[PDB]
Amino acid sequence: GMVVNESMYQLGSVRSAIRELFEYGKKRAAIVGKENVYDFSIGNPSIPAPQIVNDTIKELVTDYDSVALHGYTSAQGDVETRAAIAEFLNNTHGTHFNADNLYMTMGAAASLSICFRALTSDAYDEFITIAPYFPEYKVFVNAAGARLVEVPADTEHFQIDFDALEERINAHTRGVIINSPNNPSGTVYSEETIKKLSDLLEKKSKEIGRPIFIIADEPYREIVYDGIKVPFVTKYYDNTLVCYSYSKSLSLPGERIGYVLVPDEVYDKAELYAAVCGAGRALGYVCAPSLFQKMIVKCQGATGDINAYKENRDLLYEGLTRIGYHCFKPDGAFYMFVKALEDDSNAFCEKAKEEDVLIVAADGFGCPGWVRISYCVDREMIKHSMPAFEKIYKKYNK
């Protein structure tokens, strides 16, 4: 007896465990004070955009012709915006992109949606995610009419279990989603991992008579520490689509600006780029926000104070390790992956909750027995949280 689409109703009515945890912390702040609530739940950028963002926005609003500034760009975005990104990427990675290899989008969620929508031709199409993973991939894959296949986590190094991956590749496999630097683990795939992946997928692509794409979800690319290198995947694998946004690099998550990069070395660039444009059109996208496209021209290479996040990583890692917790030291992103004190991460997160430590069970990310602790938080809160972490530890280790 439902007038609306049931999947849409479910997708809009489903309560987010993480968001509820965030709102629970605000309710707890009212009772015990915000200084006494240790909220490591939601993964929102916490450092301000570099000053070039606000300075450039001010300049466009003051000096750029208002009709031209606020008008529709082409579907794929201004050629000047696309040209500036192609040239920045070539100077940084040694690639050979031009403006026409880019399609400007309204953030990474739009870029991913476009990729699955462009690549899905059948109800039985499968996209592979490597656990632990961003759960919203299932919504985007399902929204395109396809299905998600999870590769069990490499809990030793948080790279890829290639045996497990190879076993889940079949005739229905359209692509493999990778997120490096990673949400939730903070892992960074090495050149070796990227090369083995590329060799495996090239080999399986030939066996099935069809390209298996790499869908590279790269919004944390510049959120990497200690000189660790994030390899540019298009250089290793021909059939690679790159999804990027300025949500983390420039701290503009609410502004909705990113891209889909379609290399010339894909099986048929003209055809795939056409499907990307068509998918964008089908999803109700007309163009990326014009003000932000024009602003991005002057912000290539610019990032916020990334060392603020590194300092938080080191502080949290040092304190948790010193207490006795087993933390995976992350090379990128702003999430720390910590082993729960019991196999049941949900039961462990409840015990954490008893001391107002709001951490997230990794079961939903495809990783039971672990938790995700976001450190895009206030540095002083991390220090004030240590006695509560110590007390939580004591509950298990008397």
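Numbering starts at 1 and follows the sequence shown.
Lowest, middle or highest third: where is residue 90 by C-alpha B factor in its chain? Its C-alpha B-factor, which the entry lists for residue 90, ranks in the lowest third among residues of this chain.
Would you mind ranking residue 117 by its C-alpha B-factor against the rest of the chain and naming the third, lowest, middle or highest? For residue 117, the deposited C-alpha B-factor lands in the middle third.
Against its chain's modelled residues, does residue 126's Cα B factor rank lowest, middle or highest third? Lowest third, going by the recorded CA B-factors of the chain.
Consider only the C-alpha atoms of the modelled residues in this chain, order them by B-factor as the entry records it, and name the third containing residue 338: lowest, middle or highest. Bottom third by C-alpha B-factor.
Which third, lowest, middle or highest, does the C-alpha temperature factor of residue 100 belong to within its own chain? As the PDB entry reports it, the C-alpha B-factor of residue 100 lands in the lowest third of its chain.
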